[PDB]
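Have a look at the structure below before the remarks.
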Amino acid sequence: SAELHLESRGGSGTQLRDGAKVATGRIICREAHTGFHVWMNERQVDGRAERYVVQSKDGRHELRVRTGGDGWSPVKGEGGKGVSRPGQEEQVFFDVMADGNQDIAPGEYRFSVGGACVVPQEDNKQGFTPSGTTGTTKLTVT
């Protein structure tokens with residue numbers, strides 16, 4: 001069972017404060033593990049999976065974000081990004097703190113979530129589900 005749904009209470013171009021988030025989705029689990037695994041799908045900076053600067057949709061601006069590193073834990077997540085915080089938890093809605101500080105250049109940004117919650121590892125016996133949820137979240141700036 002999984003349910004990754006983002007929600008941007010604020011559109012965009014409203015002058016992003018150095019941190020002020022935007023999209024706070026939520027992950028849901030129910031299996032043996034110690035972490036929630038989520039992503040943004042917006043490539044990656046340096047190579048972490050936690051706090052990582054995302055780009056827009058018209059390739060001309062970046063929209064900083066914070067989430068997989070509030071207090072989460074860096075986990076081996078396909079596609080560079082992907083970190084987990086306590087997961088065994090039934091569900092944790094993670095907020096994405098836009099590390100702005102001034103104003104986020106006009107245009108549109110697209111952010112795709114995907115908090116699987118489960119992390120496959122070298123185990124004796126167990127099924128197979130290496131896909132994890134998927135979600136969108138675009139910031140319309142004008």
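A short reminder: the numbers here are calculations on the coordinates, not readings from a lab. As a convention, Cβ positions derive from the backbone with ideal geometry for all residues, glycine included, and neighbour counts pool all protein chains shown.
Can you put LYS125, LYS76, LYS57 in order, fewest other beta carbons within 10 Å first? Don't skip to the answer; put the middle values down first.
Details: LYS125 4, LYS76 12, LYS57 16.
Final ranking by Cβ density, sparse to dense: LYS125, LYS76, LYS57.
In vacuum, with every alpha carbon of the chain counted as one equal point scatterer, what does the Debye formula give for log10 I(q)/I(0) at q = 0.12, 0.13 Å⁻¹? Two decimals, please.
With no solvent term, the Cα-only Debye profile gives -0.45, -0.52.
Could you rank the peptides 33-43, 9-19 by their average count of other C-beta atoms within 10 Å per residue, with the highest value first?
With the highest mean Cβ count within 10 Å placed first, the list reads 33-43, 9-19.
Under a cut-off of 29 Å between alpha-carbon atoms, report the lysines in cross-link reach of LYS57, not counting same-chain residues fewer than 8 places apart.
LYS57 reaches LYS21, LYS76, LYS81, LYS138.
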